[PDB]
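As written, the chain order gives the labels A, B, C, D and E, with residue 1 at the start of each chain.
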Amino acid sequence: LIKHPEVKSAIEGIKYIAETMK
Amino acid sequence: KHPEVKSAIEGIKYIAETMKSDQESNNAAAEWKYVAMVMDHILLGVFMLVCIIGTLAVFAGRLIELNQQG
Amino acid sequence: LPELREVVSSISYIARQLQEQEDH
Amino acid sequence: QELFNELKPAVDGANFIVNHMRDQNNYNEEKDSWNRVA
Amino acid sequence: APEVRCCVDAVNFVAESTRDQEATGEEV
């Protein structure tokens, strides 16, 4: 289920939000 | 159900509730801003009319009286 | 899955709020 | 399948949130560049 | 499986950051 490109993009997005706020 | 997964779920819920509360507070402020905006329009009209009518009330009497002597 | 349903509701609410802010 | 049918609005919303944050960050970066030019 | 641990950590970081903003805003 993770392999779906939208799921991967979403996961990288949450990581991006966290890093930007840090 | 790891403790951290439950903490994450509560985190998403907390973020949503915080945005919701901020939305209510912003709407409540916007009502006051609307009231001030309406007052500002009424006062604009009133003050321009008072400017015109006060100028005329001060000057028009003597000006009319002098024009009647011409 | 009540926890997942509440999470989806929260995420959808956040997305809708950001979309409304974009329109504003 | 149906699990994803229930999780798809959440994935789409998360992607939308991410795109909105990224656009805002780029916008702020350009504003900061203008500030430095000034 | 980077998803489980690392994205839970990211979401938790967002939540605690929001809490800190709320606490700081209550003091202001």
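Just so it is clear, contacts are C-beta pairs under 8 Å (C-beta built on N, C-alpha and C of every residue); 3 or more make two chains touch, one makes a residue touch a chain.
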Taking CA centroids for every chain, report which one is farthest away from subunit E.
B
By mean C-alpha position, what chain is farthest away from subunit C?
B
Rounded to the nearest Å, the gap between Cα centres of subunit A and subunit B is 42
Measuring centre to centre with CA averages, how many angstrom lie between subunit A and subunit D?
11
From the C-alpha centre of subunit D to that of subunit E, how far is it in Å?
18
At what distance in angstrom does the C-alpha mean of subunit E lie from that of subunit B?
36
Indicate the residues of subunit B shared as contacts by at least two other chains.
12, 15
Give me the residues of subunit C that touch two or more other chains.
7, 11, 14
Can you list the subunit D residues in contact with two or more other chains?
12, 14, 17
Quick one: do these chains touch in a line, a ring, a star, all-to-all (complete), or other?
ring
By the touch definition, the chains form a closed loop. What is the full order round it when you set off from subunit B toward subunit C?
B, C, D, A, E
Subunit A-touching residues of subunit D, taken from the complex the two chains share
3-4, 11-12, 14-15, 17-19, 21-22, 25
With touch defined as at the start, can you tell me which subunit C residues reach subunit D in the complex?
4, 7-8, 11-12, 14-15, 18-19, 22
Contact residues on subunit C for subunit B in the complex?
3, 6-7, 9-11, 13-14, 17
Where on subunit E does subunit B make contact in their complex?
4-5, 7-9, 11-12, 14-16, 18-19, 22
Could you list, by residue number, the parts of subunit E that touch subunit A in their complex?
2-3, 6-7, 9-11, 13-14, 17
